[PDB]
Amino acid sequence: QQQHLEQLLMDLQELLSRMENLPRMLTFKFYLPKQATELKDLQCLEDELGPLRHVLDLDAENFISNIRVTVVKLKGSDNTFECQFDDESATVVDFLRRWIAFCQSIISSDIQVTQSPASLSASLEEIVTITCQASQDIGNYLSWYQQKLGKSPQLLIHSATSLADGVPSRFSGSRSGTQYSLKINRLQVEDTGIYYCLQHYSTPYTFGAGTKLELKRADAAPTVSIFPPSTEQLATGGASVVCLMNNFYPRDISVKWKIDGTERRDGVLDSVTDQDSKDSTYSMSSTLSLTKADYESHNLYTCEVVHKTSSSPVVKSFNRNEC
């Protein structure tokens, strides 16, 4: 036990001794706990080995790796102490001196990550938990990110448990050994989206496969609109009939095109929006593409929509012969 400490102390003494002998490595910013009085506080040292590795220039990997195993042997393995860091930064030197002082004081394979669930629907105000399982001991080197409408990811929780500046207070991160949990304390409308974890313990970095979160809602009937081909398009020899179903819930819906009473399936394109971030509804677009010749050979065009909000199919039609 106290053979482990003295070994750590000398390893940290070794680091400090051979660090001092240009002002380029002095720019890196390390962070310390407010109080460091017990063995389980060495978790705070382990948490800074990432940057400590980078400053170590000019296979020192073995040095940091073996420091880490010593810390893991010392800090306890039973439970996951969350470190509380001070806002004030320190050079690599003062950081090393501080932990050395603490030690003297106290003496008296690529990493896989599994995310789950893959998808989830939950109600407003619900507490939601998403999990990531790491193939190895990665400590606090996992972060959580959000992404909406295939746009830029946004950091939510960094270092397993810390809230990023900018992020709603309802997001929080927990860790139990190799199990990581993103928790959303009482789900909000805008929380519809995809969530990813990322191991950034060592190269190569690895993302979780993602979780698709959708909001449950009360039902909502679609607004259905049908549109005949524009005169502009007919001129071009094409004829697209379009049907828009707007702001419906749930997402599960079925649309048939009928031409003069008979279902047409060829030439149809469907598209659905992502869940709306303000109303939690879906919208859908169905386009039936015909040649002008084909289009002008028939009269009645119907878009027939089945949704649970109606006991009979909702129908929208036009006669070509009028317009």
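One rule holds for the numbers: they count along the sequence shown, beginning at 1.
Count the deposited residues lacking coordinates between residue 108 and residue 109 and you get 10 or more of them. Going from residue 58 to residue 59, the model skips 4 to 9 deposited residues, which lack coordinates. Legend: mean Cα B-factor per stretch from the PDB entry, 30 to 38 versus 261 to 269; the higher mean is in 30 to 38. Comparing 166 to 174 with 129 to 137, the higher mean C-alpha B-factor in the PDB entry belongs to 129 to 137. For the set 159, 211, 79, 246, the PDB entry assigns the largest Cα B-factor to 79. Between the residues 147, 121, 203, 181, it is 121 that shows the highest Cα B-factor in the PDB record. Looking at the C-alpha B-factors along this chain, the one for residue 234 belongs to the middle third. The PDB entry assigns residue 143 a C-alpha temperature factor belonging to the lowest third of its chain's modelled residues. Compared with the other modelled residues of the chain, the Cα B-factor recorded for residue 92 ranks in the highest third.
Residue 314: CA B factor lies in the middle third for its chain, per the PDB record. Among the modelled residues of its chain, residue 298 has a C-alpha B-factor that falls in the middle third, as given in the PDB entry.
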